[PDB]
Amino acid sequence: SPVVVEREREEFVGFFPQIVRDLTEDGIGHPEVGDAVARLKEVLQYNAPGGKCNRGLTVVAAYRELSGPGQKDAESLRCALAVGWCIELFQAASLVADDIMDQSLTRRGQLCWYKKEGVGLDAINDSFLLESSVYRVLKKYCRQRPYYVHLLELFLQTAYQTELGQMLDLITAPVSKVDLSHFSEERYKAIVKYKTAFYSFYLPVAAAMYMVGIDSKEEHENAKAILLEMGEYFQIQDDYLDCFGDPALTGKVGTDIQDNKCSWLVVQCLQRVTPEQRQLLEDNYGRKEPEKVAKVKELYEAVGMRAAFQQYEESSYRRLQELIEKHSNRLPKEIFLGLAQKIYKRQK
């Protein structure tokens, strides 16, 4: 709704300070670690809040769709919130990290934490502590709940798989030999599956599943099934709406290619190509010069992107629905729909 969802949207946001107090109130003052926990705070305040929170919100949306009238107590609802910021923290850590390794300058509207003078490389540790923050919250809010371990285990599992995906990227994207060789569809989409899909779609719906009880192994499998497509499309999509479309564009409007970024666009490009363009774009890609950058677009355009994007997004919402009605016996479809209704939209 253009009503309830926004409210939840605000409950969650109203919850920060709390987690923030949670995280350090006691720390601020320890005649030993005091300085430390006080930095922690700002590392926390500068970094975590700032996205749309839609990841974290997701948990709360699902727990809502999943619990029963017994399990709607204030007390339950809080955790649902807690376990939410936990995903919102997980991602901070990560993206604080990514920033350093990618030597970026800007994030979510402001300057990278590593960039703040005084800070620099120390961010490596600040990242590590954001990571901790996550298991410091779950411990506080869930430690006495049948699903504690299931949660400890989920988060911990997911960081590994994501750490792998990231780790994949790094290798795949390097300007030593720049290369458009090892930009394989199968590779791209493995980068996708692992660096964003798990922590972005699975971890929260799944975390909702364990808190109401559904700890069935092949029920998690029936989730992973559906959601991973959605995480794939979603990223593919986020890939198009970066160069191929603009009107009212949210997230961050502007663009890349300057960054040798492995992106559906290119991948697609590189196989509707011939030795002529193949060098055209393999030449002026990954480089930030208005002719080039603005020129590689041309080639994409020269090959016809919004087509495959179309025969893409056309195929998915199809594939998706099916996947639901083969994977949705035991879990309210309202869930995968909700995600749908706010994830599949596109721009020509």
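Start at 1 and count along the sequence shown; that's the residue number.
Read off the CA B-factors in the entry, average them over 214 to 222 and over 109 to 117, and name the higher stretch.
It is 214 to 222 that shows the higher mean C-alpha B-factor.
Report the stretch with the higher mean CA temperature factor, choosing between 167 to 175 and 140 to 148 on the basis of the entry.
Higher mean C-alpha B-factor: 167 to 175.
Highest Cα B-factor in the deposition, which of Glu322, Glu313, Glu42, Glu65?
Highest CA B-factor of the listed options: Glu313.
In terms of CA temperature factor as recorded, identify the highest of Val33, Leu57, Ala48, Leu281.
Most elevated C-alpha B-factor of the set, per the entry: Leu281.
Taking the entry's C-alpha B-factors for this chain, is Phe336 in the lowest, middle or highest third?
CA B-factor rank for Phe336: highest third.
Lowest, middle or highest third of the chain for the C-alpha temperature factor of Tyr240?
Tercile = highest for this residue's CA B-factor.
Consider only the C-alpha atoms of the modelled residues in this chain, order them by B-factor as the entry records it, and name the third containing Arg78: lowest, middle or highest.
CA B-factor rank for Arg78: lowest third.
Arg272's Cα B-factor: lowest, middle or highest third of the chain?
Answer is highest: the recorded C-alpha B-factor places it there.
Would you check the entry's CA temperature factor for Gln18 and let me know if it's in the chain's lowest, middle or highest third?
As the PDB entry reports it, the C-alpha B-factor of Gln18 lands in the lowest third of its chain.
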